[PDB]
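To be precise, the following lines are structure-v6.cif, and they hold mmCIF, C-alpha atoms.
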data_model
#
loop_
_atom_site.label_atom_id
_atom_site.label_comp_id
_atom_site.auth_asym_id
_atom_site.auth_seq_id
_atom_site.Cartn_x
_atom_site.Cartn_y
_atom_site.Cartn_z
CA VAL A 8 13.99 3.36 2.49
CA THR A 9 13.98 -0.10 0.86
CA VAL A 10 10.96 -1.75 -0.81
CA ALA A 11 10.56 -5.43 -1.72
CA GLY A 12 8.24 -6.11 -4.67
CA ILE A 13 6.55 -9.50 -4.32
CA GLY A 14 5.24 -11.79 -7.05
CA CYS A 15 3.95 -15.33 -6.62
CA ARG A 16 1.85 -17.98 -8.35
CA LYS A 17 -1.84 -18.39 -7.38
CA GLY A 18 -1.85 -20.27 -4.08
CA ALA A 19 1.25 -19.37 -2.10
CA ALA A 20 1.58 -19.95 1.65
CA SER A 21 2.34 -16.92 3.84
CA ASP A 22 5.42 -18.69 5.23
CA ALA A 23 6.81 -19.16 1.70
CA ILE A 24 6.59 -15.40 1.12
CA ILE A 25 8.17 -14.74 4.56
CA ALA A 26 11.05 -17.14 3.84
CA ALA A 27 11.60 -15.47 0.46
CA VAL A 28 11.80 -11.96 1.95
CA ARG A 29 14.20 -12.95 4.76
CA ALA A 30 16.39 -14.87 2.28
CA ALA A 31 16.51 -11.75 0.08
CA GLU A 32 17.54 -9.68 3.09
CA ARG A 33 20.39 -12.07 3.92
CA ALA A 34 21.52 -12.59 0.30
CA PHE A 35 21.72 -8.87 -0.49
CA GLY A 36 22.57 -7.28 2.85
CA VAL A 37 19.37 -5.25 3.03
CA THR A 38 16.52 -4.79 5.49
CA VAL A 39 13.07 -4.48 3.94
CA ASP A 40 10.87 -1.81 5.51
CA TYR A 41 8.03 -1.85 2.96
CA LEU A 42 6.30 -4.49 0.79
CA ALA A 43 4.70 -4.04 -2.65
CA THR A 44 2.75 -6.05 -5.22
CA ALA A 45 0.86 -5.94 -8.50
CA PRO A 46 -2.95 -6.31 -8.61
CA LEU A 47 -3.41 -9.70 -6.97
CA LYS A 48 -5.02 -12.45 -8.91
CA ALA A 49 -6.94 -15.49 -7.68
CA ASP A 50 -5.06 -16.03 -4.42
CA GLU A 51 -4.41 -12.90 -2.36
CA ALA A 52 -4.47 -13.99 1.28
CA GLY A 53 -0.98 -15.50 1.45
CA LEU A 54 0.72 -12.21 0.62
CA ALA A 55 -1.43 -10.13 2.98
CA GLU A 56 -0.81 -12.58 5.84
CA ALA A 57 2.97 -12.51 5.22
CA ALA A 58 3.09 -8.73 5.50
CA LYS A 59 1.36 -9.20 8.88
CA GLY A 60 3.94 -11.83 9.85
CA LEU A 61 6.81 -9.60 8.74
CA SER A 62 5.00 -6.64 10.40
CA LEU A 63 5.40 -4.62 7.17
CA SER A 64 2.91 -2.53 5.19
CA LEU A 65 1.81 -3.71 1.75
CA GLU A 66 1.11 -1.56 -1.28
CA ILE A 67 -1.07 -3.17 -3.94
CA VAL A 68 -0.03 -0.95 -6.84
CA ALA A 69 -2.69 -0.11 -9.47
CA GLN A 70 -2.09 -1.26 -13.07
CA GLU A 71 -2.12 2.36 -14.32
CA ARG A 72 0.70 3.18 -11.91
CA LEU A 73 2.64 0.03 -12.86
CA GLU A 74 2.37 0.89 -16.54
CA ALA A 75 3.54 4.47 -15.86
CA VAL A 76 6.63 3.25 -13.95
CA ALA A 77 7.50 0.69 -16.63
CA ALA A 78 7.17 3.42 -19.28
CA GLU A 79 9.38 5.83 -17.28
CA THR A 80 12.14 3.22 -16.84
CA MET A 81 12.28 2.68 -20.61
CA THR A 82 12.45 6.38 -21.53
CA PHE A 83 14.57 8.62 -19.28
CA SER A 84 14.74 6.76 -15.96
CA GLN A 85 16.66 3.82 -17.44
CA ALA A 86 19.18 4.02 -14.58
CA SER A 87 16.44 2.67 -12.26
CA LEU A 88 16.93 -0.89 -13.52
CA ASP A 89 20.08 -3.01 -13.68
CA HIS A 90 18.99 -4.94 -16.80
CA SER A 91 17.89 -4.16 -20.37
CA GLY A 92 14.52 -2.76 -21.45
CA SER A 93 11.27 -3.41 -19.58
CA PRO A 94 11.03 -4.06 -15.84
CA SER A 95 9.26 -7.14 -14.54
CA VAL A 96 5.90 -6.85 -12.77
CA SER A 97 7.53 -7.18 -9.31
CA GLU A 98 10.28 -4.73 -10.26
CA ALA A 99 7.74 -2.15 -11.42
CA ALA A 100 5.71 -2.68 -8.20
CA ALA A 101 8.74 -2.12 -5.94
CA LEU A 102 9.77 0.97 -7.93
CA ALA A 103 6.24 2.40 -7.85
CA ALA A 104 5.96 2.04 -4.08
CA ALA A 105 9.46 3.37 -3.65
CA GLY A 106 8.66 6.40 -5.62
CA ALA A 107 10.85 8.88 -7.31
CA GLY A 108 13.78 8.20 -8.09
CA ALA A 109 14.18 4.76 -6.73
CA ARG A 110 16.48 2.27 -8.35
CA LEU A 111 16.81 -1.52 -8.28
CA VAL A 112 19.78 -2.51 -6.13
CA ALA A 113 19.75 -6.31 -6.40
CA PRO A 114 19.18 -8.79 -9.25
CA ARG A 115 15.80 -10.52 -9.66
CA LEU A 116 15.45 -13.16 -6.98
CA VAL A 117 13.20 -16.21 -6.92
CA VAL A 118 13.01 -18.27 -3.70
CA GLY A 119 10.78 -21.29 -4.25
CA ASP A 120 8.18 -19.74 -6.56
CA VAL A 121 8.07 -16.35 -4.86
CA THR A 122 9.76 -13.52 -6.78
CA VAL A 123 11.42 -10.74 -4.79
CA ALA A 124 12.61 -7.44 -6.29
CA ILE A 125 14.45 -4.97 -4.05
CA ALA A 126 14.37 -1.22 -4.70
CA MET A 127 15.92 1.65 -2.72
CA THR A 128 14.84 5.28 -2.91
CA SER A 129 16.75 8.61 -3.00
CA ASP A 130 16.64 9.06 0.81
CA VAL B 8 -2.06 14.27 -2.29
CA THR B 9 -5.29 12.95 -0.71
CA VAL B 10 -5.72 9.51 0.90
CA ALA B 11 -8.99 7.75 1.74
CA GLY B 12 -8.79 5.30 4.66
CA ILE B 13 -11.30 2.47 4.24
CA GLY B 14 -12.96 0.36 6.92
CA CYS B 15 -15.77 -2.14 6.42
CA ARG B 16 -17.46 -5.11 8.09
CA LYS B 17 -16.45 -8.67 7.07
CA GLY B 18 -18.16 -9.33 3.75
CA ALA B 19 -18.46 -6.09 1.81
CA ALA B 20 -19.09 -5.93 -1.95
CA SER B 21 -16.53 -4.06 -4.07
CA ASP B 22 -19.31 -1.85 -5.47
CA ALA B 23 -20.30 -0.79 -1.92
CA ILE B 24 -16.73 0.40 -1.29
CA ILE B 25 -16.67 2.16 -4.70
CA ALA B 26 -19.98 3.93 -3.99
CA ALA B 27 -18.67 5.01 -0.57
CA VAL B 28 -15.47 6.53 -2.01
CA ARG B 29 -17.26 8.43 -4.81
CA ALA B 30 -19.88 9.71 -2.34
CA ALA B 31 -17.05 10.95 -0.09
CA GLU B 32 -15.48 12.72 -3.06
CA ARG B 33 -18.75 14.49 -3.89
CA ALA B 34 -19.69 15.29 -0.27
CA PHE B 35 -16.33 16.85 0.58
CA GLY B 36 -15.13 18.28 -2.72
CA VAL B 37 -12.05 16.07 -2.91
CA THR B 38 -10.54 13.64 -5.39
CA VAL B 39 -8.98 10.52 -3.87
CA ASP B 40 -5.67 9.49 -5.42
CA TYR B 41 -4.68 6.80 -2.91
CA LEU B 42 -6.51 4.19 -0.79
CA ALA B 43 -5.53 2.81 2.63
CA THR B 44 -6.69 0.22 5.16
CA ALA B 45 -5.92 -1.55 8.42
CA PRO B 46 -4.85 -5.22 8.48
CA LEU B 47 -7.80 -6.89 6.78
CA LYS B 48 -9.77 -9.44 8.66
CA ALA B 49 -11.87 -12.33 7.36
CA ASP B 50 -13.03 -10.73 4.12
CA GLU B 51 -10.36 -8.93 2.11
CA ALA B 52 -11.30 -9.33 -1.54
CA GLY B 53 -14.00 -6.66 -1.70
CA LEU B 54 -11.60 -3.86 -0.80
CA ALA B 55 -8.84 -5.05 -3.15
CA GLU B 56 -11.31 -5.35 -6.05
CA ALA B 57 -12.66 -1.82 -5.38
CA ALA B 58 -9.20 -0.30 -5.60
CA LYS B 59 -8.95 -2.03 -9.01
CA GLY B 60 -12.34 -0.60 -9.99
CA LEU B 61 -11.35 2.88 -8.82
CA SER B 62 -7.92 2.33 -10.45
CA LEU B 63 -6.22 3.40 -7.19
CA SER B 64 -3.38 1.84 -5.20
CA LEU B 65 -4.10 0.33 -1.79
CA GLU B 66 -1.88 0.43 1.27
CA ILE B 67 -2.58 -2.24 3.88
CA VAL B 68 -0.94 -0.49 6.82
CA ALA B 69 0.80 -2.69 9.44
CA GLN B 70 -0.53 -2.61 13.02
CA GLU B 71 2.83 -1.30 14.34
CA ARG B 72 2.56 1.65 11.96
CA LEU B 73 -1.09 2.27 12.88
CA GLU B 74 -0.23 2.28 16.58
CA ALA B 75 2.66 4.71 15.96
CA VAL B 76 0.40 7.14 14.06
CA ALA B 77 -2.33 6.95 16.72
CA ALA B 78 0.30 7.63 19.41
CA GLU B 79 1.74 10.61 17.47
CA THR B 80 -1.71 12.21 17.01
CA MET B 81 -2.30 12.08 20.78
CA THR B 82 1.06 13.59 21.75
CA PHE B 83 2.37 16.43 19.56
CA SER B 84 0.61 15.95 16.22
CA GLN B 85 -2.85 16.61 17.67
CA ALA B 86 -3.56 19.07 14.84
CA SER B 87 -3.77 16.06 12.47
CA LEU B 88 -7.27 15.17 13.68
CA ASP B 89 -10.42 17.30 13.84
CA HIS B 90 -11.83 15.53 16.92
CA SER B 91 -10.73 14.74 20.49
CA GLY B 92 -8.20 12.11 21.55
CA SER B 93 -7.57 8.88 19.64
CA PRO B 94 -8.04 8.48 15.89
CA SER B 95 -10.23 5.71 14.53
CA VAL B 96 -8.69 2.73 12.72
CA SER B 97 -9.57 4.17 9.27
CA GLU B 98 -8.33 7.62 10.30
CA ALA B 99 -5.00 6.20 11.47
CA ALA B 100 -4.70 4.18 8.21
CA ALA B 101 -5.29 7.23 6.00
CA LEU B 102 -2.83 9.30 8.04
CA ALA B 103 -0.18 6.57 7.95
CA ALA B 104 -0.37 6.23 4.18
CA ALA B 105 -0.44 9.98 3.80
CA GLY B 106 2.65 10.34 5.80
CA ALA B 107 4.13 13.26 7.56
CA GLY B 108 2.39 15.71 8.36
CA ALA B 109 -0.93 14.83 6.96
CA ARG B 110 -4.12 16.01 8.56
CA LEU B 111 -7.75 14.90 8.43
CA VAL B 112 -9.76 17.33 6.29
CA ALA B 113 -13.28 15.88 6.51
CA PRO B 114 -15.40 14.38 9.31
CA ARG B 115 -15.75 10.60 9.66
CA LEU B 116 -18.04 9.33 6.93
CA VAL B 117 -20.04 6.11 6.81
CA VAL B 118 -21.84 5.21 3.55
CA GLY B 119 -23.81 2.01 4.04
CA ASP B 120 -21.44 0.14 6.34
CA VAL B 121 -18.22 1.32 4.69
CA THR B 122 -16.25 3.92 6.67
CA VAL B 123 -14.27 6.52 4.74
CA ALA B 124 -11.67 8.84 6.30
CA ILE B 125 -10.04 11.50 4.12
CA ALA B 126 -6.53 12.81 4.83
CA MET B 127 -4.43 15.35 2.91
CA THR B 128 -0.66 15.69 3.15
CA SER B 129 1.72 18.70 3.30
CA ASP B 130 2.21 18.82 -0.50
#
Can the structure from this file be put into structure tokens for me?
Amino acid sequence: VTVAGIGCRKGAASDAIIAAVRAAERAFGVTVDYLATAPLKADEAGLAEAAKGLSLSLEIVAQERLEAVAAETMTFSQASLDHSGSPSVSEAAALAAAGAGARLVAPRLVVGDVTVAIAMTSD
Amino acid sequence: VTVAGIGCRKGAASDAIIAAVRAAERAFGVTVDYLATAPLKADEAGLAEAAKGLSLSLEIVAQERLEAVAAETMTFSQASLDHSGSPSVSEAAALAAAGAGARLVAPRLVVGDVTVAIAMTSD
């Protein structure tokens, strides 16, 4: 199971998100079967519409859960990230939705101004 | 793990959703640790804000996944629902987010015009 964590600036078109996910799939040789995000801000419709377009489920991960995941990856689950220290918001969202013990399999990707983080889980 | 599937009419206040979830918790003797919904319609902000207020994650379950779950519960997983035939949209959302083999543990609840379906999973 592979999760794509999505971050974007307030006011992002659904087709920009869709393009970003499919570009991530091609660039990394993965196939996303689940979408994830942090608590969405002022604009929220673009991301929800893109999940519909991609025919994928979306998990809007609570801030408490994001914080927990970020804390875990800095203590004993440091093998979950492929960079130093704290995960980014999108990275922590993908890892939270992925669950235990997921890991990040690709470097942080920005396509336009949509951030895509890919995580894969144990199974 | 216990999932509450949420359905509401277009234009529902976040506090109405919150009230509905906490009333479900009290009425059934459960504690919701995960929220779920069907592809959201014209209004979408009320439900996302309520998950933030309840400090719970939300899964917006894709229509393909909802259909699959509804199909499963009418074939061999009929023990997942406590009524006859097809699950409701909220029931199928809660069961999808809950995963395999969840079951519905409480009857369909409406509080105001917010529908709440509670599912519990194997673990």
*asked:* Neighbouring residues of stretch 117-122 of chain A were defined as those with any atom within 6 Å, considering all atoms listed in the file; residues of the same chain fewer than 2 positions away were excluded. Please report them as a ChimeraX atom specification.
replied: /A:13-15,27
Serialized selection, C-alpha atoms, as a compact mmCIF listing (two decimals), keeping the file's coordinate frame:
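Saved to again-v2.txt:
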# COMPACT_ATOMS: atom_id res chain seq x y z
CA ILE A 13 6.55 -9.50 -4.32
CA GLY A 14 5.24 -11.79 -7.05
CA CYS A 15 3.95 -15.33 -6.62
CA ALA A 27 11.60 -15.47 0.46
_Nearby residues (all atoms listed in the file) at most 10 Å from residue A:72, same-chain spacing under 2 positions excluded, as a PyMOL selection string_ = (chain A and resi 45+68-70+74-78+99-100+103-104) or (chain B and resi 62-64)
Dump of C-alpha atoms for the selected residues, as a PDB file, in the frame of the given file:
ATOM      1  CA  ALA A  45       0.860  -5.940  -8.500  1.00  0.00           C
ATOM      2  CA  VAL A  68      -0.030  -0.950  -6.840  1.00  0.00           C
ATOM      3  CA  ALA A  69      -2.690  -0.110  -9.470  1.00  0.00           C
ATOM      4  CA  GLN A  70      -2.090  -1.260 -13.070  1.00  0.00           C
ATOM      5  CA  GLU A  74       2.370   0.890 -16.540  1.00  0.00           C
ATOM      6  CA  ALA A  75       3.540   4.470 -15.860  1.00  0.00           C
ATOM      7  CA  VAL A  76       6.630   3.250 -13.950  1.00  0.00           C
ATOM      8  CA  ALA A  77       7.500   0.690 -16.630  1.00  0.00           C
ATOM      9  CA  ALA A  78       7.170   3.420 -19.280  1.00  0.00           C
ATOM     10  CA  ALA A  99       7.740  -2.150 -11.420  1.00  0.00           C
ATOM     11  CA  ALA A 100       5.710  -2.680  -8.200  1.00  0.00           C
ATOM     12  CA  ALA A 103       6.240   2.400  -7.850  1.00  0.00           C
ATOM     13  CA  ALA A 104       5.960   2.040  -4.080  1.00  0.00           C
TER      14      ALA A 104
ATOM     15  CA  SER B  62      -7.920   2.330 -10.450  1.00  0.00           C
ATOM     16  CA  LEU B  63      -6.220   3.400  -7.190  1.00  0.00           C
ATOM     17  CA  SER B  64      -3.380   1.840  -5.200  1.00  0.00           C
TER      18      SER B  64
END
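Omitting residue A:49 and its sequence neighbours fewer than 5 positions away, and counting all atoms listed in the file, the residues within 12 Å are residues 15, 16, 17, 18, 19 and 54 of chain A; 52, 55 and 56 of chain B.
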Write to file, as a PDB file, keeping the file's coordinate frame, the residues of the selection just made, with C-alpha atoms.
ATOM      1  CA  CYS A  15       3.950 -15.330  -6.620  1.00  0.00           C
ATOM      2  CA  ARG A  16       1.850 -17.980  -8.350  1.00  0.00           C
ATOM      3  CA  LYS A  17      -1.840 -18.390  -7.380  1.00  0.00           C
ATOM      4  CA  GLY A  18      -1.850 -20.270  -4.080  1.00  0.00           C
ATOM      5  CA  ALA A  19       1.250 -19.370  -2.100  1.00  0.00           C
ATOM      6  CA  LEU A  54       0.720 -12.210   0.620  1.00  0.00           C
TER       7      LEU A  54
ATOM      8  CA  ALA B  52     -11.300  -9.330  -1.540  1.00  0.00           C
ATOM      9  CA  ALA B  55      -8.840  -5.050  -3.150  1.00  0.00           C
ATOM     10  CA  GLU B  56     -11.310  -5.350  -6.050  1.00  0.00           C
TER      11      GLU B  56
END
*Name the residues in contact with stretch 108-112 of chain A at a cut-off of 10 Å, using only C-alpha atoms, excluding same-chain residues fewer than 2 positions from it; report them as an MDAnalysis selection string.*
chainID A and resid 8:11 35 37 80 84:90 94 98:99 101:106 114:115 124:130
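Taking atom CA of residue B:116 and atom CA of residue B:31 as endpoints, the distance between them is 7.3 Å.
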*Could you state the separation of atom CA of residue B:57 and atom CA of residue B:79 in Å, given to one decimal place?*
29.7 Å
